[PDB]
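# Survey of secondary and tertiary structure
Read off the chains here:
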Amino acid sequence: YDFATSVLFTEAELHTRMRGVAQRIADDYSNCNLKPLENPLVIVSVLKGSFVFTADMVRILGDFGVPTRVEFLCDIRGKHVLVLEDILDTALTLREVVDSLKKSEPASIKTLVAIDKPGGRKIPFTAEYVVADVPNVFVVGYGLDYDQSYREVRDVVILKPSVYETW
Amino acid sequence: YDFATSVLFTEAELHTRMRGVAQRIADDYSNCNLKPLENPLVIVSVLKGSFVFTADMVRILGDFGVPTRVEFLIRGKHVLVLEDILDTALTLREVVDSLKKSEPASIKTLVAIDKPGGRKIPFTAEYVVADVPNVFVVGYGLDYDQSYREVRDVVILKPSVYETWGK
Ligand SMILES: O=c1nc[nH]c2c1ncn2CCCCCP(=O)(O)O
Ligand SMILES: O=c1nc[nH]c2c1ncn2CCCCCP(=O)(O)O
């Protein structure tokens, strides 16, 4: 890539990782009686750049028999909620959402992140399902942006410093 | 997909159709000097369910050299509105004519599924991936009451589904 220094995770790697995550989600929600219309899996997509991760993870979940219902960031009480976030760094944004969604009394609530930065936590918070982990470097791609750009990049890559230093 | 009557368009057929559309869009926006950060193609996504179509189209556009900047629901920039379904064109005509009051450089429309027969006002999108007649379809972001967006193919919903779920 013209604007990067290292491809941390390609598109094929992320898809393979999400497939294994889907197999675990299909087993952890096996006896939840998940079925379309009646009782699907309410997916609460948080953050603007998560639509890439959501559209791919939701389709992979459907391949493993996990029906989904997508909401972007109510009819949350009593139903099973799964929060999707494109990246997890400080866990401040996600902890706020989980505490907000728990105000509606869901049957179960767990989190799944595509990119996890454990070395950026301002508060302790562990996500149930994690696609991939990334060190404390600024990355773009797969929905992750640098000022509303480089979201269409198919891979998670480290943004070259000359870009955001010049910008 | 034995909850449906037919599979109108597969995931591969749509992408291979979008490949040809992305080449078409790249040729039209060639003299616009599109580049990330400085001057990308502003993608206006509508109808909530278009997140599957938007996530695939911006990545396919990136392969053909078209940098994007997604917005979900801006002056002197190029606007390309994306909708998962174009039927009566009442939603798109309102969005388009509302965007033109902000004086964009050039606003066009790209729709994944288009019902050209079944429209309430004259409207012709600049880019259409596929046609669909008077039949209710789901999949690829198209829902029946917030469900069946995870279906990777545009399929016609079984009539008894909305006959059983309507009551
Ligand atoms: O590498 C990155 N690429 C895009 N955005 C990034 C990156 N690292 C941090 N962030 C911002 C995350 C936004 C909200 C999450 P949280 O920090 O609240 O957990
Ligand atoms: O086949 C369909 N599957 C899901 N939703 C559908 C379908 N046909 C029409 N619609 C509703 C479209 C909502 C708005 C469109 P418009 O206002 O631009 O005509």
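Residues numbered from 1 in each chain as written, not as in the entry; some residues may be left out. Chains lettered and ligands numbered in written order. Heavy atoms only, no water.

### Description of empty space enclosed by the protein
Each pocket or cavity is described by its volume, and for the largest cavity that value is around 50 Å³. Looking at the largest cavity, the residues that line it are A:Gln148, A:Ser149, A:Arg151, A:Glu152, B:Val58, B:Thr68, B:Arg69 and B:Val70. Of the residues forming the lining of the largest cavity, the biggest block, 3 residues, is contributed by strand β3 (residues 68–72) of chain B. (1 Å grid on protein atoms, 1.4 Å probe; cavity = no way out; pocket = protein on both sides within 12 Å on 5 of 7 lines; lining within 4 Å. Points joined across faces, edges and corners; volume = space filled by probe spheres on them. Helix = DSSP H or I, 4+ residues; strand = E, 2+ residues; numbered from the N terminus.)

### Let's talk about the layout of surface pockets
By rolling a water-sized probe across the atoms, one finds the places where empty space is left. Here the largest pocket defines a volume of roughly 490 Å³. Per-class residue counts for the lining of the largest pocket are 11 nonpolar, 4 polar and 7 charged. (Nonpolar A, V, L, I, M, F, W, Y, C, P; charged D, E, K, R; others polar.)

### Things to note about the site of ligand 1
Residues and elements named next belong to chain A. By nearness alone, every residue bordering ligand 1 is listed as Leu 47, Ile 87, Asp 89, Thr 90, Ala 91, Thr 93, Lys 117, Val 137, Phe 138, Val 139 and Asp 145. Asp 89 is positioned with one of its backbone polar atoms (N or O) 3.0 Å from an oxygen atom of ligand 1. The separation between a nitrogen atom of ligand 1 and a polar main-chain atom of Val 139 is 2.6 Å. Surface burial for ligand 1 is 79%, taken as the share of its 460 Å² of free accessible area covered by protein chains. (Near = heavy atom within 4 Å. Polar contact = N/O pair within 3.5 Å; in protein donor to acceptor, adjacent residues only side chain to side chain. Areas by Shrake-Rupley, 256 points an atom, 1.4 Å probe, with all protein chains shown as cover.)

### Things to note about the sheet that holds β3(B)
Two strands in a sheet stick together by hydrogen bonds in their backbones, pointing the same way (parallel) or opposite ways (antiparallel). Residues and elements named next belong to chain B. Strands sit in the order β3-β2-β4-β5-β6 across an open sheet of 5 strands; the sheet is parallel. The open sheet has two edge strands, β3 and β6 (127–131), and neither has a second partner. Strand-to-strand, the axes of this sheet are offset by a mean angle of 20°, without reference to chain direction. Pairing of strand β2 (residues 41–45) with β3, which is carried by 5 bridges, proceeds in the parallel orientation. By the bridge assignment for β3, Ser 45 is matched with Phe 72. Where helix α2 (residues 51–63) meets the sheet, its contacts fall on β2, β3, β4 (78–86), β5 (106–114) and β6, and the angle it forms with β2 comes to roughly 165°. (Pairing = 2+ DSSP bridges. Axes fitted to C-alpha atoms, helices over the stretch in contact; angles between N-to-C directions. Contact = heavy atoms within 4.5 Å.)

Honestly, that's just the spatial picture; any functional story needs more than this.
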